[PDB]
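S.K.:
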Amino acid sequence: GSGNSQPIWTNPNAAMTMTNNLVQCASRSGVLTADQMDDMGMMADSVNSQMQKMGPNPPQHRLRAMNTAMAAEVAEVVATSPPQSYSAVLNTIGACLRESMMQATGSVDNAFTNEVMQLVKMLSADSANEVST
Numbered sequence: 001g002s003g004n005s006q007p008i009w010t011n012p013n014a015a016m017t018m019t020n021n022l023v024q025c026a027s028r029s030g031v032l033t034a035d036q037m038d039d040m041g042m043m044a045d046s047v048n049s050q051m052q053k054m055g056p057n058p059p060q061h062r063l064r065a066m067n068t069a070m071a072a073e074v075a076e077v078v079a080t081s082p083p084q085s086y087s088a089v090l091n092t093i094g095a096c097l098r099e100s101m102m103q104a105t106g107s108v109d110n111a112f113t114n115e116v117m118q119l120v121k122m123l124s125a126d127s128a129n130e131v132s133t
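Note that the working numbering gives residue 95 to position 95 of the sequence shown, counting from 1, and the numbers run on in steps of one.
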């Protein structure tokens, strides 16, 4: 019996690993602000809270929502960026997220990093085009 969509959300310790690695990576980027690096902290806090609400043996119907949940909360950090710094901030997220994925246990699959990246950008790019900064 095989055929279950188990990417990386298959172990609390594992999933929380990549989440922390993301924060630690971006905190040492030199790109983010003092606010943004702390904003990611409360973001990660939110992740492990809802990750425990995922359930034993994470069902894929939760996983298909969780990637969007993360993305939406990561988008907050990026939405705090001006158009000048946006690209550098996004670059950090897009890179560290991939790194953190494999540094957890489940390697870095393109699909998950794709969903996250796509959604983060889409949920972050709102009217950040014309501005005094």
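Here a beta-carbon is modelled for each residue, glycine too, at the ideal position from N, C-alpha and C.
1. Output the distance between the C-alpha atoms of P59 and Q50, rounded to the nearest integer angstrom.
2. Could you check how far apart the C-beta atoms of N129 and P56 are, in whole angstroms? I think they sit under 8 angstroms.
3. Please check the pair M43 and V74, which I expect to be a contact at CB under 8 angstroms, by giving their CB distance rounded to whole angstroms.
4. Mind the definition here: the region 88 to 97 touches the region 106 to 124 only if three or more C-beta pairs lie below 8 angstroms; say whether that holds.
5. Between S29 and the rest of its own chain, which residues show a CB-CB distance below 6 angstroms, the 5 nearest in sequence each way excluded?
6. Measure the CB-CB distance between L123 and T113 and report whether it falls below 7 angstroms.
M.R.: Inspection of the coordinates gives the following:
1. Looking at the two C-alpha atoms, the distance is approximately 13 angstroms.
2. Their Cβ separation, rounded to whole angstroms, is 45 angstroms, which puts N129 and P56 out of contact at 8 angstroms.
3. Between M43 and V74 the beta-carbon gap is near 6 angstroms, inside 8 angstroms, which marks them as a contact.
4. The region 88 to 97, when compared against the region 106 to 124, does touch it at the 8 angstroms Cβ threshold.
5. Take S29, set aside five residues on each side of it, and the residues of its chain with a beta-carbon closer than 6 angstroms to its own are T92, in chain order.
6. In terms of Cβ geometry, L123 and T113 do not form a close pair [threshold 7 angstroms].
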